[PDB]
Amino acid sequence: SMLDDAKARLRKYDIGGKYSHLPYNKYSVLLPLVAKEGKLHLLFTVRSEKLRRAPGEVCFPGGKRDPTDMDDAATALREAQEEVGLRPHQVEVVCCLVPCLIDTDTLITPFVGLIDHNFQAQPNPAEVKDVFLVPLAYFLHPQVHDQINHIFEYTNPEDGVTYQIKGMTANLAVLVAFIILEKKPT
């Protein structure tokens, strides 16, 4: 099946807890995979304009680890619940992808999660201005704009709204798309 195939592909790239005990400032992100209309999608947030760091930027749900978290996956799920109302029964964490090093002292761990088909986002407006889906296949043939660094522009065909996706968020989206969609019979 599509979903069993995606999970099997993802598991091959799982690094597990290999880098998780290293003494960094630790953040986790959840890369939420949603199946709609027979295709996989990634769920993205737009950060609230009122936030002091990266207002209005497209990001995956996530945030800083706190003492309550049993592990890095827990961080991702806690923050996703706070930001978009995703409850733990509504997500299956499939793997941990390569972590992202930034600022010399920070490690961001991405987890891919399969999201329940009955989940409906409840954007928390203190943190999230918007939530939207992008088909995973888009990241194989993105509309690229150079600002010099590469920016993806995705227009939602439902409403014509264009979102800019860049940086770590864009990079991770492409990674997930490659992992899941490469070398597939039509």
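Superpose the two forms; the largest set of C-alphas matching within 1.5 Å is the rigid core. From 1 onward, residues are counted along the sequence shown.
Per-stretch RMS Cα distance to the displayed form in 8 other deposited structures of this protein, following rigid core alignment, is highest for 50 to 58 when 50 to 58 and 113 to 121 are compared. Coordinates are given for every deposited residue between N118 and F119; the gap count there is zero. Comparing 57 to 65 with 119 to 127, the higher mean C-alpha B-factor in the PDB entry belongs to 119 to 127. Per the PDB record, of the two stretches 80 to 88 and 107 to 115, 80 to 88 carries the greater mean B-factor over its C-alpha atoms. Between the residues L10, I15, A170, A177, it is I15 that shows the highest Cα B-factor in the PDB record. Residue-level temperature factors show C100 in the lowest third of its chain, judged at the C-alpha atom. Ranked within its chain, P32 lands in the lowest third, by CA B factor from the PDB record. Among the modelled residues of the chain, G160 sits in the middle third by CA temperature factor in this PDB entry. Compared with the other modelled residues of the chain, the Cα B-factor recorded for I151 ranks in the highest third. The entry lists a Cα temperature factor for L140 that places it in the middle third of the chain's modelled residues.
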